[PDB]
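No hydrogens, no waters, no symmetry mates; every other heavy atom, side chains included, goes into these values. Just so it is clear: chains get the letters A, B, ... in the order the sequence lines come, proteins before strands, and each one is counted from 1.
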Amino acid sequence: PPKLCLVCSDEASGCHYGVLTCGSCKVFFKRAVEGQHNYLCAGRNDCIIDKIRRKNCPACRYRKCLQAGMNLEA
Amino acid sequence: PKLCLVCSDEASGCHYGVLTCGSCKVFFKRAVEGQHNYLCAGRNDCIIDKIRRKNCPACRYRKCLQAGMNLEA
DNA sequence: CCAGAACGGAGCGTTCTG
DNA sequence: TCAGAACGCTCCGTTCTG
Ligand SMILES: C[As](C)(=O)[O-]
Ligand SMILES: [Zn+2]
Ligand SMILES: [Zn+2]
Ligand SMILES: [Zn+2]
Ligand SMILES: [Zn+2]
């Protein structure tokens with residue numbers, strides 16, 4: 001019964017930064033929190049984040065990582 | 001103070017038949033020749049501006065066409 | 001099993017040329 | 001004039017490494 005990334009719903013590879021996620025979201029989040037995450041949504045801050053569309057809006061993908069509970073120290 | 005009709009950045013000239021910037025010029029060339037189809041994460045209504053145009057190639061491309069951008073022109 | 005690094009690919013935007 | 005090539009850059013995601 002495949003476990004699913006809580007950010008993007010791709011198949012999860014494990015528990016990363018405290019949350020069931022895929023590898024791309026693990027490493028997106030690491031990039032976002034270390035960089036200057038000055039991301040802008042071109043829509044209404046409710047973009048659909050899935051495997052096909054997660055590249056599209058880092059702002060909304062980052063928000064979802066935060067709402068899911070991701071954090072570096074866990 | 002002429003502005004790109006796709007993204008409202010500073011326009012560099014007339015490209016493919018529309019007053020556009022350089023990034024929109026080359027983006028549209030790439031979009032057309034490359035047959036890759038895009039999908040909006042929002043509502044096919046994204047705000048395309050200097051910073052946000054990176055975010056939705058689907059909406060940016062739709063705007064290039066509605067502006068009348070055209071190869072052979 | 002997980003974090004962090006590395007690596008190759010894609011896309012974007014400038015610059016230069018004629 | 002503007003079309004096009006090309007390059008350096010950022011970001012992405014899979015794979016390694018510790
Ligand atoms: C294009 As790939 C499989 O190296 O992310
Ligand atoms: Zn994911
Ligand atoms: Zn968004
Ligand atoms: Zn433009
Ligand atoms: Zn869009």
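- Between B:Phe27 atom CZ and B:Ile48 atom CD1 the span is 8.0 Å, to the nearest 0.5 Å.
- Residues passing the side chain to side chain contact (heavy atoms under 4.5 Å, CB included) test with A:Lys3, sequence neighbours excluded: A:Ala12, A:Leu20.
- Across residues 46-64 of chain B, B:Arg53, B:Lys54, B:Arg60 each have a non-hydrogen atom less than 4.0 Å from an atom of DNA chain C (numbered order).
- Here A:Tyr39 pairs with nothing under the ring-ring contact (aromatic ring centres under 6.0 Å, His included) rule; sequence neighbours left out.
- Heavy-atom contacts of chain A under 4.0 Å fall on DNA chain D between two terminal nucleotides, which in 5' to 3' order are D:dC12 to D:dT14.
- Within the structure, every pair that satisfies the salt bridge (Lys or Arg N to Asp or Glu O under 4.0 Å) test and touches residues 38-52 of chain A, not counting sequence neighbours, is listed here: A:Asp46-B:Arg43, A:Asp50-A:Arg53.
- Residues A:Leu6 and A:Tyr17 share a single hydrophobic cluster, defined by chaining ILVMFWY side chains whose heavy atoms lie under 4.5 Å apart.
- Only B:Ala73, listed by number, bring a heavy atom of residues 65-73 of chain B to less than 4.0 angstrom from any atom of DNA chain D.
- The salt bridge (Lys or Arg N to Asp or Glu O under 4.0 Å) analysis of residues 55-73 of chain B, with sequence neighbours excluded, yields no pairs.
- Annotation: the span from A:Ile48 atom CD1 to B:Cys40 atom SG amounts to 8.0 Å, rounded to 0.5 Å.
- For the atom pair CD1 (A:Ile52) and SG (A:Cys8), the distance works out to 9.0 Å, reported to the nearest 0.5 Å.
- A pairwise comparison of heavy atoms in B:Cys4 and B:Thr20 identifies SG-CA, 3.7 Å as the closest pair.
- Annotation: A:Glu11, atom CD; neighbour count of heavy atoms from other residues, nucleotides and ligands within 6.0 Å does not exceed 12.
- Consecutive pairing runs in DNA chain C reach the stem threshold at C:2-18 with D:2-18, where a stem means at least three Watson-Crick or G-U wobble pairs with distances under 3.5 Å.
- The residue from A:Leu72, A:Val19, A:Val7 that alone fulfils the side-chain contact (heavy atoms from CB on, under 4.5 Å) condition with A:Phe29 is A:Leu72.
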A:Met70 and A:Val33: side-chain contact (heavy atoms from CB on, under 4.5 Å), yes or no, with the steps? CA-CA 10 Å; A:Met70 297 182 76; A:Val33 295; over 6 Å; no
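- For B:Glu33, the salt bridge (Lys or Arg N to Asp or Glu O under 4.0 Å) test picks out B:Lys29, with sequence neighbours left out.
- With sequence neighbours excluded, the residues that form a side chain to side chain donor-acceptor pair (under 3.5 Å) with A:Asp10 are A:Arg54.
- Residues from residues 4-33 of chain A placing a heavy atom under 4.0 Å of any atom in DNA chain D, listed by number, are A:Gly23, A:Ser24, A:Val27, A:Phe28, A:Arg31.
- In terms of the side chain to side chain donor-acceptor pair (under 3.5 Å) criterion, residue partners of A:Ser13 (sequence neighbours excluded) are, by chain and number, A:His16.
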